[PDB]
Each structure stands twice: as C-alpha cells, then as structure tokens.
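Chains, contacts and geometry: an overview
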Amino acid sequence: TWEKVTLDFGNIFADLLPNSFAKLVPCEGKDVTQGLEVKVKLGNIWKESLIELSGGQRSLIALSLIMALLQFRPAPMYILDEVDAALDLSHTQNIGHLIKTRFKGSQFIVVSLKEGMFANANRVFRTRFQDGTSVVXXXXXXXX
Amino acid sequence: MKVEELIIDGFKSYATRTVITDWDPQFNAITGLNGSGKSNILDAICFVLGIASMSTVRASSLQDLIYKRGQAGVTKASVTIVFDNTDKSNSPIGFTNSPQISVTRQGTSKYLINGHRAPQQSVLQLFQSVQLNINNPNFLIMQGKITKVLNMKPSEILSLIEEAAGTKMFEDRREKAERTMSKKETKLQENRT
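- What the entry reports as its method is cryo-EM, with 7.5 Å given for the resolution.

- This entry appears in the Protein Data Bank under the title "Condensin complex from S.cerevisiae ATP-free apo non-engaged state".

Written out as structure tokens, the structure is:
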C-alpha cells in the first residue's frame, strides 16, 4: 500500500501541476510507515514545501491530494468550490484539460462563490432563475 | 450509475422552474451572473442526506427545506427525480428489471413510493439508481468543505488518511475486543475444566 501510494504521488503531482513532481519522502530520517512528509516544488524551481506557493497553486495540490485519496473508491462526480480567485483562468483551463485527459468519467461542476467564472468546459449551465432550486440325576457322576 | 435529469423544486432562496439535461460524464461547467441558479441541487442533496458539518443546512426545524413552508406558494416538500441505470454494476440482486425509475417525494406529512403514501425511505430509492450510497461520504456525493480544512496537516493525519484504505485501527479495535472476549471465555473454559 505504501509503495503504491508513493509511486502514485509522483505522477499525481506531475500531471496536474506542470513540471513539478514530488515524492512521499519520510519526515526526518525514518521510513514511510512511521512518518511521511511532502516536498512541494514551485514549477521549475525545487523548494522545500508549499508555504511559498500561491493560494491557487496551494488549492491545486489540495485537490491533487483529494483525487489521490478518492482514486481508491472512484466516483463520476466532481465539485470544485470556485477557487480560481488566486489562480488564473488559463491555469484552470489547463487543469480542465488535464482532467478530461486523465480523469475521464467524472462530472465536474462548480458551486457559485464568485459569479461569472469557470467557462473552461464544453457544456455549461446558463442562468434562468425563478423561485427555489438551481437550473440552467447322574450329572455329578459324569462331572466328578 | 449516471444521472440523466434533475427536475426538483421546493426550496426557499434559489431558482426553480426549469429542468437540466445532458449530464455528460465529463464536462458540465458552471458560469453565470446570478449565483442563485448555478449549483443549488447539491445544497438540496445536503438536506436530503443531512450532512451536519456545515451550518447552512442545520437549523431549529427542518421545515426550512421547503419553499418557505407554504407561505410562498409551495407547501409540500416536492422533489421529482427520474434516474436511469446506464450500467448493471450498481443494480443489486433483484433490481435488474428496473433500470429506469421515477420517484416523487412530498403534503410534507409522508413521502411517496412512486406515488404511494409511505415513510421517508422513498428519497433513498430516489437516489439509489446512481449508486449514491448515503452511508459513506463517497459514492458521488462529494468530499466537501474539507477542501478548506486539509490545510496545514501534520504527518500523522496523512498516515491515517493513507491507512484508511486498510483501516488498521478498525481491525486493531476488533482484535482488542476479540482478545478481551477470549480472555473471559478462556477463564470460563478453565472453570469448565
């Protein structure tokens, strides 16, 4: 199990975030069983952790870990909470590209936090609105 | 295990009166100027299942799930759902001859099994045809607001999440219970000897 999650962490971090892959390295001179950390990288440069990352690039590694956890029990339905504020629209379009080329079979939708965003997918639900729920006797002689 | 259509109603502060279709397996985005009509059916599923981790659904009375409980036009907690079983893997034994189903639930006294008065179990079947197992947070419902909670997580919780595929704590607790039981029962066996 730990071998599988370690070999999956690399490609999972490499595909979503371009040119930056990591490995489930133990924290401080130990084994993955009794301790494990992450060495987050900022694209081309190789840094120690995600503290130097932006909010969008932090939510990217967050959703990558979420997908790594969900891949054990897959489900064709994804929801993202409109976290494209710190990120860029082109980066979210590239994320959608990587989703449709890697996460085939997963309905991707967004909950409305900041209206007028996330037009990266082919089909999109428009705005038609009225009142209540969202929509587009001699024996002894012989013996003795 | 794919949703086909969602024509629901009966909620307070959102936007009814149309049906959504073409739920493709890959891409159905969300973009609009009014947030009241983008993704509120997820919020409807929140009160359908009753996820108590967020406060935007839990209140004093559950009657807030209806469209103003009747003082706005809709009194019955109406929800209509037509679900088709695209695959035969999510259909249990005895449900092969029922790929398509149409369930309506209310008249908020009792729910309707396909239009017959019955308890609130109907809504379960109303979401059963898309393998939406309401017991676990998995099975297409969501992972949820934990998106904003998993920040700054130490190594122990990550190891717990990785071992959640095996749940060694569960088997360890079961083995501890088995050990206590076997101790008591071996004492009983010594008494029997």
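That was the structure; now back to the text.
1. Quick word on a nonpolar patch on the surface
- A grouping of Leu69 and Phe72 of chain A together with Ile161 of chain B is seen on the molecular surface, where their side chains present a nonpolar patch of about 230 Å² in accessible area.
- Counting through the fold element by element, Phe72 of chain A comes out in the loop between α2 (55-70) and β1 (77-80).
- Taking relative accessible area as the criterion, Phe72 of chain A reaches 38% and is therefore assigned partly exposed.

2. With respect to α2 of chain A
Residue and element names in this part refer to chain A.
- For α2, built from 16 residues, the straight-helix expectation of 22 Å at 1.5 Å per residue is met to within 8% by its first-to-last C-alpha distance of 22 Å.
- Taken residue by residue, α2 has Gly56, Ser59, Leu60, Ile61, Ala62, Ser64, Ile66, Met67, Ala68 and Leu70 as its buried positions.
- Elements in contact with the buried residues of α2: α1 (2-16), β1 and α3 (89-102).

3. Here we look at the interface of chain B and chain A
- Facing the 57 residues of chain B at the interface are 55 residues of chain A.
- Summing both partners gives a buried area of about 5,300 Å² for chain B against chain A, and 60% of it is carried by carbon and sulfur.
- Area buried by chain B at its contact with chain A is led by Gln26, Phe27 and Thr31 of chain B, which between them contribute 14% of it.
- Linking chain B with chain A are two salt bridges.

4. So, the sheet that holds strand β5 (residues 100-105) of chain B
Residues and elements named next belong to chain B.
- Read from one edge to the other, the open sheet built from three strands follows the order β1-β4-β5, with strand pairing classed as antiparallel. Of all strands in the sheet, those with a lone pairing partner are β1 (7-8) and β5, marking the two edges.
- In this structure, β1 lies alongside strand β4 (residues 79-84), joined through two bridges in antiparallel fashion. When the bridges of β4 are listed, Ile7 appears paired with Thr80.

5. Concerning α3 of chain A
Residue and element names in this part refer to chain A.
- Between its first and last C-alpha, α3 extends 20 Å over 14 residues, near the 20 Å set by a 1.5 Å rise per residue.
- Taken together, the buried positions of α3 are occupied by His91, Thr92, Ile95, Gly96, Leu98 and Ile99. Projected onto a plane normal to the axis of α3, the buried residues spread over an arc of 160° and lie on a single side. Residues of α3 that are exposed and point more than 90 degrees away from the buried face comprise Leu89, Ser90 and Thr101.
- Buried residues along α3 sit in contact with α1 and α2.

6. As for the packing of aromatic side chains
- A complete count under the given rule lists seven aromatic pairs over all chains for this structure.
- Joined through ring pairs, the aromatic side chains of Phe11, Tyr14 and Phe47 of chain B make up one cluster.
- Taking the ring centre of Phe139 of chain B as reference, the NZ or CZ of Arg73 of chain A above it sits at 4.5 Å.
- Taking the ring centre of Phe170 of chain B as reference, the NZ or CZ of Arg173 of chain B above it sits at 5.9 Å.

7. Some words on the nonpolar core
- Membership of the largest hydrophobic core comes to 60 residues, with the highest contact counts inside it found for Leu6, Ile20, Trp23, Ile81, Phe83 and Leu126 of chain B.
- Among the elements that take part in this core, α2 of chain A stands out by supplying six residues, more than any other.
- Dropping the residues within four chain positions of it, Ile20 of chain B is found in contact with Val135 and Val136 of chain A together with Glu4, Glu5, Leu6 and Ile41 of chain B.

8. Focus on the side chain of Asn85 of chain B
Residues and elements named next belong to chain B.
- Structurally, the position occupied by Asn85 is in the loop between β4 and β5.
- Looking at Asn85, its side chain comes within polar contact range of the side chain of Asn90, at 3.1 Å.
- Only 2.8 Å separates the side chain of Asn85 from the side chain of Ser129, close enough to count as a polar contact.
- Residues contacting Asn85, with those up to four places away along its chain left out, are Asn90, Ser91, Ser98, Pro99 and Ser129.

Conventions adopted
- Residues numbered from 1 in each chain as written, not as in the entry; some residues may be left out.
- Chains lettered and ligands numbered in written order.
- Part of a larger assembly, values for the part shown.
- Heavy atoms only, no water.
- Residues with missing side-chain atoms left out of burial classes, pairs and counts.
- Patch = residues over 30% accessible without salt bridge, like charges linked within 9 Å, V, L, I, M, F, W, Y side chains within 5 Å.
- Areas by Shrake-Rupley, 256 points an atom, 1.4 Å probe, with all protein chains shown as cover.
- Salt bridge = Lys/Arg side-chain N within 4 Å of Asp/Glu carboxyl O.
- Helix = DSSP H or I, 4+ residues; strand = E, 2+ residues; numbered from the N terminus.
- Buried < 20%, exposed > 50% of the residue type's maximum accessible area, 1.4 Å probe, protein only.
- Expected span 1.5 Å × (residues − 1).
- Contact = heavy atoms within 4.5 Å.
- Buried area = accessible area lost by both parts, 1.4 Å probe.
- Pairing = 2+ DSSP bridges.
- Arc of directions from axis to C-beta.
- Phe/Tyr/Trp six-rings, centres within 6.5 Å; stacked < 30°, edge-to-face > 60°.
- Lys NZ or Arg CZ within 6 Å of the ring centre and 35° of its normal.
- Core = buried A, V, L, I, M, F, W, Y, C linked by side-chain atoms within 4.5 Å.
- Polar contact = N/O pair within 3.5 Å; in protein donor to acceptor, adjacent residues only side chain to side chain.

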